[PDB]
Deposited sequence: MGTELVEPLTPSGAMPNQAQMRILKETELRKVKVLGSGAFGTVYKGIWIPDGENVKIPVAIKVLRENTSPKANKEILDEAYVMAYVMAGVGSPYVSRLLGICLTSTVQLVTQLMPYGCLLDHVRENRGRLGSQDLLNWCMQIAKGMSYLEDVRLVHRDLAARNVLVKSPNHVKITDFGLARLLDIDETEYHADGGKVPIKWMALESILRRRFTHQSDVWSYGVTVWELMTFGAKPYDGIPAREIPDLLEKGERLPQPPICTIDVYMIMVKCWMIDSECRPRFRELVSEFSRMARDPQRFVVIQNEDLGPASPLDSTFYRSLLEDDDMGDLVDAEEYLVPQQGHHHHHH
């Protein structure tokens, strides 16, 4: 990890938003050098609370230097603290898995879908091992490094800021209701078992080629819907065996939901005989991986880890 000077970073375009901040595609030019390194920069939104502390690098570094040892979860390469807090990581070149499945639909294979499910479970299992509750797992937060390598991103900030998302009014009151466990919606309780609920929704997004969960149902009606027992429907390509795992992730009793270590072993087992568990149908050409680097100068590095 490095402390970056503001002259080292340049934002080149906005990529999108998530809790607490906006993500930009940027260029990192290490101080004193000429090489250009594509990065993603999350800029935290300013805290609008009048009673908030008006006031460092050490405090932020201590909180964000966590979970740096899995292939399946992102890690920061640097921070830059000035008037704003900038968190910097390698840019994942193929974007998010949500866009990938939406663009490829029926060109996908069962083996790829189950492999991604197993890698996401591996990343979450690692986050559970390092005692870091994610709070916002969704397919938009699963990034594509290469076709056979995905990484979970965007975690650690609620506990850095010691702030419930709903009380960070700079986020405009938006929360990912349709991915959240009931206890997170009603009581703002987040645990590794509520992450398991979000994992089930993420698997559902992948197996529907990126459908929107509960499409057409207003977020305000979701708690009543769940309390009455209604759940997301069976994706057409999923056997009942795979759908049963998703239903277990959505039980109101959080202790009865699967554990990530068991999800890793179940999806590794299914990924070894994929056509027995996922059947992509005629109703649903090679897949295209769309690059976030397609407009970058060829001399720029492709991955910050190449940098010495």
Give the ranges of the deposited sequence, numbered from 1, for which the structure holds no C-alpha coordinates, in sequence order.
1-20, 76-77, 307-313, 338-348
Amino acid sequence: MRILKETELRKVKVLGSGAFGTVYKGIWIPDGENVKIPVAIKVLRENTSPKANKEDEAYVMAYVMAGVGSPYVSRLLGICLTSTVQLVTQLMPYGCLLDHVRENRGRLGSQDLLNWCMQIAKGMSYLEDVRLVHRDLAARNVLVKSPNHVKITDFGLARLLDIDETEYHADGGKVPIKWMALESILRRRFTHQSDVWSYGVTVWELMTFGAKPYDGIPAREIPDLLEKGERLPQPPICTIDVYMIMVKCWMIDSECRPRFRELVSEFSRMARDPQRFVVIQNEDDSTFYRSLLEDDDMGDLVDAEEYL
From here on, numbers count along this sequence of modelled residues.
Read off the CA B-factors in the entry, average them over 242-250 and over 31-39, and name the higher stretch.
31-39
Once you work out the mean C-alpha B-factor for both 224-232 and 199-207 from the entry, which is higher?
224-232
Using only the C-alpha B-factors in the record, can you name which of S110, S74, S83, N141 has the highest?
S83
Tell me, please, which of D99, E128, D154, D162 has the highest C-alpha B factor according to the deposited entry?
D162
State the tercile, meaning the lowest, middle or highest third, of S17 with respect to the CA B-factors recorded for its chain.
lowest
Can you work out whether the C-alpha temperature factor of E167 puts it in the lowest, middle or highest third of the chain?
highest
When the modelled residues of the chain are sorted by Cα temperature factor, does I217 land in the lowest, middle or highest third?
highest
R272: which third of its chain by C-alpha temperature factor?
highest
Binned into thirds over the chain's modelled residues, the C-alpha B-factor of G106 lands in the highest
